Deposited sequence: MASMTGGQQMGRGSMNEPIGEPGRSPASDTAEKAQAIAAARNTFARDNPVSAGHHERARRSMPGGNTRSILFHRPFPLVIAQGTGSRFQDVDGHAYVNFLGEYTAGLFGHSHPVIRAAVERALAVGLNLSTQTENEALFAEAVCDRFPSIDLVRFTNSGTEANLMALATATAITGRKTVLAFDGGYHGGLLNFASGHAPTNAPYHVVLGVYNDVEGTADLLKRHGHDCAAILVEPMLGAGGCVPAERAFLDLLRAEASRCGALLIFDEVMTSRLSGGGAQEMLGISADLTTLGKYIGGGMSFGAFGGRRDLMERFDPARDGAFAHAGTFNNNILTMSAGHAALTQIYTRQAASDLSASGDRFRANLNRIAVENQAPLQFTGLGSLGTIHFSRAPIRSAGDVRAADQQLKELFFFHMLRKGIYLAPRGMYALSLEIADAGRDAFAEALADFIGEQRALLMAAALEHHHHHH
């Protein structure tokens, strides 16, 4: 088939293009992944020396870019004053007060080494306060290595009695609550399905989740590891919803291993916690001196207009691919059907073709097609739109019809 032949030609060209990534894949021991050597601003250089504009943004973790001066200088100063300090430094409280300033909902904060640990600690506190064991999750959600529900479950997930609902469907959730209301300790939900395909949550869906959690005595945990960037106080500030607990992710720690969980005092008074000097310093400098509300607003508005530009590339060529998401985070889907839950993403060869083609054009993003803008990426948007335009113009006959 022309689709198979074209993806084979592009994949052979990719493999012949990047022998050093192949050698590293061999030494570390489905085409090999790209192995990146260096980075600067919105640019990434692989081990073969090819420069790319990094649209993937490290799955929203690299919001500040690879070489921001304020963060680099903060990390250098923290390094020079000493590594592996004791369990008590000023940096932790300064950082916690900055976060609470941004998320006043988080009456008490605790730091972890990852968002996975943050969600685990939140679930632990939920089960401890309520004494209940069942946790309500949603198909396609990803809260960590042992908190994955893309398959509806994972055999590696921690042995919580997880209840699985379909995203953006409050009828099924109300029925599941009728069934397990007494046993529901927590409702863990992302304001946008990150791994599920950047499926935005309908606002009524989240408001009704809050209502139901209140009425059945379960807590509401918002996994804002990804969506916390949607405003200075995240999507929860955007919608006026107050969860019992909130979890935040790695970019809050300046690009290094960090997570945070917190909220109600009575619930969180139960509280190894993360205070690494470099992480505290980088996250603090980044939040207080770089991540201004105006900078985040510019970034998310640019992301919105830029997703519009892409979808209009699709619309003009009558090709039914779409970018879905919110603000500066989107992801390409081979179907043009409106996506409400995981069941709606119901062909990876077109996505692979797109990924390889934009790589050949110098555009870097996830093979699943997710893009997360960083502060450094109008010229980058123009180049990205022109690259997508040229690729779709050339490969138009291989894509579905709108």
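- In this entry, the deposited residues absent from the coordinate set span 1 to 30, 60 to 73, 316 to 327, 403 to 404, 436, 462 to 470.
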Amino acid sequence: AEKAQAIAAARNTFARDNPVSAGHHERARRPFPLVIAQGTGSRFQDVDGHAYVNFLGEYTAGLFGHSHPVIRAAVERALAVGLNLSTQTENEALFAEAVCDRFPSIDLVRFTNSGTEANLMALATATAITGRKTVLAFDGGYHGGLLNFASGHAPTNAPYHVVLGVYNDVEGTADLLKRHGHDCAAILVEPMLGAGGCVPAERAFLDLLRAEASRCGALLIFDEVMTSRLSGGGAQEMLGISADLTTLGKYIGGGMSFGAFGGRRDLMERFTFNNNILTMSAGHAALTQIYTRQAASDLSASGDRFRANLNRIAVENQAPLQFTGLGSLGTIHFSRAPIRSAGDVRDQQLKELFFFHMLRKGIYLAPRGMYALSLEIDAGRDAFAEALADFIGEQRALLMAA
From here on, numbers count along this sequence of modelled residues.
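For the two forms, the rigid core is made up of the largest set of C-alpha atoms that agree within 1.5 Å on superposition.
- The segment moving more, judged by mean Cα distance from this form in 5 other deposited structures of this protein after a core overlay, is 257 to 265 among 257 to 265 and 112 to 120.
- Between 76 to 84 and 141 to 149, the larger mean CA deviation from the shown form in 5 other deposited structures of this protein, after core superposition, belongs to 76 to 84.
- For the pair 174 to 182 and 194 to 202, the record assigns the higher mean C-alpha temperature factor to 174 to 182.
- Higher average CA B factor: 328 to 336, of the stretches 138 to 146 and 328 to 336.
- Taking only the listed residues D169, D298, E97, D304, the entry reports the highest CA temperature factor at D169.
- Looking at the C-alpha B-factors along this chain, the one for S86 belongs to the highest third.
- When the modelled residues of the chain are ordered by their C-alpha B factor, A372 lands in the lowest third.
- Per the deposited record, the Cα B-factor of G62 falls in the lowest third when ranked against the other modelled residues of its chain.
- Among the modelled residues of its chain, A383 has a C-alpha B-factor that falls in the lowest third according to the deposited record.
- Sorting the modelled residues of the chain by their CA temperature factor places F323 in the middle third.
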